[PDB]
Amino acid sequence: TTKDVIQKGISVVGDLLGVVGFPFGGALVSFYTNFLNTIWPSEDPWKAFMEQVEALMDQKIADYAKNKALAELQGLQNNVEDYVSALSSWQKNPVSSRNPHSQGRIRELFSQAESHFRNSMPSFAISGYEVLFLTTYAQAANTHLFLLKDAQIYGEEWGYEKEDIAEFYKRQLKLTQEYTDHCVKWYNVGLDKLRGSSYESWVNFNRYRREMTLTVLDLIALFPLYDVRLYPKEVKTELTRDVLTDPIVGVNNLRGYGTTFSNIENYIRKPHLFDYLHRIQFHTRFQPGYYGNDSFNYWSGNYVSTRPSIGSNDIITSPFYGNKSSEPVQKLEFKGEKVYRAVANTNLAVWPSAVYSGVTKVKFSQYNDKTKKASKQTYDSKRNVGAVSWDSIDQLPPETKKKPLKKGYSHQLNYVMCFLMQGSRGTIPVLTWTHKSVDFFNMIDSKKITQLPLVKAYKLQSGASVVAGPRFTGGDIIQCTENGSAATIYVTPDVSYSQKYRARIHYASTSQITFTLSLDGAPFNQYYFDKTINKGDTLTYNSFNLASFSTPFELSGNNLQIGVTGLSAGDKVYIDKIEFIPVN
């Protein structure tokens, strides 16, 4: 709940997105030096991660458990530091320096760090504290899996036996599964415990959801990309999930007048095809002060419009949220802009037996990618705006403080929704944000493996819907219930020459199925894919398969259609991502 641990979580994910798949040696060492200063400088971040989930759950880890965890983490910091200085020497030193003595040294350090991870991890899963340890367990599990894949990159040149390399690989596969399924199960236990009826219980529920998304679920989404055998190239990918910031209110205690849990949770955006902020229409109302001197105008309701993913410009305008304007409606246009900060003012008026508060002003910081200009747009109530009380950067800090905010920001604004306080007491704005990794163009790299989440489709067909992701994929997924075309996604080639690709798909199916790929309505790939689950199974890590199509193709068009056939009554297919592998 400290911005510090959240800034750390957000940085690490940002840094890891530059070394997913098979990294350059340069990039890996630079990544590791920054990683050691973020997650592994001292016991401090470990204390803060434990305190984070203790604060979110209003619960304490037994002093005994916490000290044993901190002791283990100290042993791991030393082992990781020592491994990294040897990897740095290995990477810098000429190929003609590499002697059996220095090979035996780095095998020793790697084997010791790796072994220590296996001895320690149960210390971050003590029975009854699995939730309170979740961020600790996630950040340690991440380090172990990231470390393990180095045995695949360097194992041969380090003089590991083929047998040793293979044993590390099967341990990487098994622990990817176990660490993922553990983080999801215990994320859900904590989330279910925070469910209540009150406004306050919703704010705490949703804060746990955002902070655990940033420090846990966003991390586990990257685990499979550490498999440099399946991903022996750099990877282009994105996190497609949305997060909600804390509601913007002018008081710390609304005395029971806050919107009920039910009246927020059931009305926030349900899973949907990915979209972008296009327009907000601000409605304003007058809040009289008891003595007249302290009156203010406030943000009472809104419309909001989003633009679909590349391939459709049919703007989606929301229903009306909140209370209709008494003042002139203010309209802000966001076409071509990324909103990377929102800073809000609130005011309040004390009456004899009531307090009225609302939001009086919002400054939007925005970046235009075409013209490369940072600019600001402002909603201003135009009456007695008060002080700044709310800054998005306190909840969604930047990936890096090295660069300025317009380059280093983590999230852009997707949506705005005005909820009503009980008993007509006023309006609570809630903002929804998406991750900077999301690429508007769905650009297909000519050198990297490109991951295209199907929620980046502009169109679904034949009873295909967006449904909740299983919490380890970085976003939501497509459910297909009928034989036919499912989804159309527009893709942008990065090159005009006849670059060939192979396609892979990450899916789950209750049945042997056929997937058909078409470009601009012309099929180019059809293949058989295995059943992965039984009807009614709950989706876990192993419910999904990454499977290839046979035949290479060119991008001779932009409209990629994915269809599925071979379903009987009751069959279900889940499509997460399609991937493009450049081949010769």
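Just count from 1 along the sequence shown to find any residue number.
Peer 1: On mean Cα temperature factor in this entry, is 436-444 or 75-83 the higher one?
Peer 2: Result of the comparison: 75-83.
Peer 1: For the C-alpha atoms alone, is the average B factor greater in 171-179 or in 368-376, going by the entry?
Peer 2: Taking the mean C-alpha B-factor of 368-376 and of 171-179, the larger value falls to 368-376.
Peer 1: Quick one: which of 250, 196, 271, 484 has the biggest Cα B-factor according to the entry?
Peer 2: When the deposited C-alpha B-factors of 250, 196, 271, 484 are compared, 484 is largest.
Peer 1: Checking the entry, which one of 65, 546, 53, 522 has the top C-alpha B factor?
Peer 2: Each of 65, 546, 53, 522 was compared by C-alpha B-factor; the highest is 65.
Peer 1: Ranking the modelled residues of this chain by C-alpha B-factor as given in the entry, is residue 290 in the lowest, middle or highest third?
Peer 2: Answer is highest: the recorded C-alpha B-factor places it there.
Peer 1: Would you check the entry's CA temperature factor for residue 34 and let me know if it's in the chain's lowest, middle or highest third?
Peer 2: Answer is highest: the recorded C-alpha B-factor places it there.
Peer 1: If you rank every modelled residue in this chain by C-alpha B factor, which third holds residue 234: lowest, middle or highest?
Peer 2: Its C-alpha B-factor belongs to the middle third of this chain's values.
Peer 1: Considering only modelled residues of the same chain, in which third does the CA B-factor of residue 340 rank: lowest, middle or highest?
Peer 2: According to the entry, residue 340 has a C-alpha B-factor in the chain's lowest third.
Peer 1: Would you please rank residue 57 by its C-alpha temperature factor against the other modelled residues of its chain and give the third it falls in: lowest, middle or highest?
Peer 2: Answer is middle: the recorded C-alpha B-factor places it there.
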